[PDB]
Amino acid sequence: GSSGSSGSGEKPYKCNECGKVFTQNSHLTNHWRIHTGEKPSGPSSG
Ligand SMILES: [Zn+2]
């Protein structure tokens, strides 16, 4: 079978706005920037 459970494997830091994953904190917090404005009105990139 296949186990699809996150937590241990994935990193403790994960963007709760799109679904990204980073190794450090400063990286995650920073990323959010792109989410907070910056021409958020357009074609979804995903
Ligand atoms: Zn994000």
# chains A, B, ... in the order shown; residues from 1 in each chain; ligands from 1
$ residues_near_ligand --ligand "ligand 1" --cutoff "9 Å" --atoms "only C-alpha atoms and all ligand atoms" --output "list in words"
residues 14, 15, 16, 17, 18, 19, 20, 21, 28, 31, 32, 33, 34 and 35 of chain A
$ select_by_dssp --residues "chain A" --states "helix (DSSP H, G or I)" --output "PyMOL selection string"
chain A and resi 25-35
$ decode --residues "region 8-23 of chain A" --atoms "N, CA, C and O atoms" --output "short mmCIF file (atom, residue, chain, number, x, y, z; two decimals), in the first residue's frame"
data_model
loop_
_atom_site.label_atom_id
_atom_site.label_comp_id
_atom_site.auth_asym_id
_atom_site.auth_seq_id
_atom_site.Cartn_x
_atom_site.Cartn_y
_atom_site.Cartn_z
N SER A 8 6.00 14.23 10.05
CA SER A 8 7.38 13.83 10.31
C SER A 8 8.26 14.11 9.10
O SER A 8 9.27 14.81 9.20
N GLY A 9 7.88 13.56 7.95
CA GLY A 9 8.64 13.76 6.74
C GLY A 9 8.74 15.22 6.35
O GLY A 9 9.82 15.80 6.34
N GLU A 10 7.60 15.82 6.02
CA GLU A 10 7.56 17.23 5.62
C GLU A 10 8.21 18.11 6.68
O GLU A 10 8.39 17.69 7.83
N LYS A 11 8.56 19.33 6.29
CA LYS A 11 9.20 20.27 7.20
C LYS A 11 8.16 20.91 8.13
O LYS A 11 6.97 20.94 7.83
N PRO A 12 8.63 21.44 9.27
CA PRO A 12 7.76 22.09 10.25
C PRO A 12 7.21 23.42 9.75
O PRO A 12 6.26 23.97 10.32
N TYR A 13 7.80 23.94 8.68
CA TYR A 13 7.37 25.20 8.10
C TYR A 13 6.72 24.98 6.73
O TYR A 13 7.34 24.47 5.81
N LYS A 14 5.45 25.37 6.62
CA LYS A 14 4.71 25.22 5.37
C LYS A 14 3.75 26.39 5.16
O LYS A 14 2.96 26.71 6.05
N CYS A 15 3.83 27.01 3.99
CA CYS A 15 2.96 28.14 3.67
C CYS A 15 1.49 27.73 3.73
O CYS A 15 1.06 26.84 3.00
N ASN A 16 0.73 28.40 4.59
CA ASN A 16 -0.69 28.10 4.74
C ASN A 16 -1.53 29.04 3.89
O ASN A 16 -2.63 29.45 4.28
N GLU A 17 -1.02 29.38 2.71
CA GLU A 17 -1.73 30.27 1.80
C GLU A 17 -1.86 29.64 0.41
O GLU A 17 -2.84 29.88 -0.30
N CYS A 18 -0.88 28.82 0.05
CA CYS A 18 -0.89 28.15 -1.25
C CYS A 18 -0.61 26.66 -1.09
O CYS A 18 -1.28 25.82 -1.69
N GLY A 19 0.40 26.34 -0.28
CA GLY A 19 0.76 24.95 -0.06
C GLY A 19 2.21 24.67 -0.38
O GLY A 19 2.54 23.63 -0.97
N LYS A 20 3.09 25.59 0.00
CA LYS A 20 4.52 25.43 -0.24
C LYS A 20 5.23 24.90 1.00
O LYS A 20 4.63 24.78 2.07
N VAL A 21 6.51 24.57 0.84
CA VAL A 21 7.30 24.05 1.95
C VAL A 21 8.72 24.62 1.93
O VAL A 21 9.36 24.67 0.88
N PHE A 22 9.20 25.05 3.09
CA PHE A 22 10.54 25.62 3.20
C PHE A 22 11.32 24.93 4.31
O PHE A 22 10.75 24.25 5.17
N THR A 23 12.64 25.10 4.29
CA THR A 23 13.51 24.49 5.29
C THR A 23 13.64 25.39 6.52
O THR A 23 13.62 24.91 7.65
#
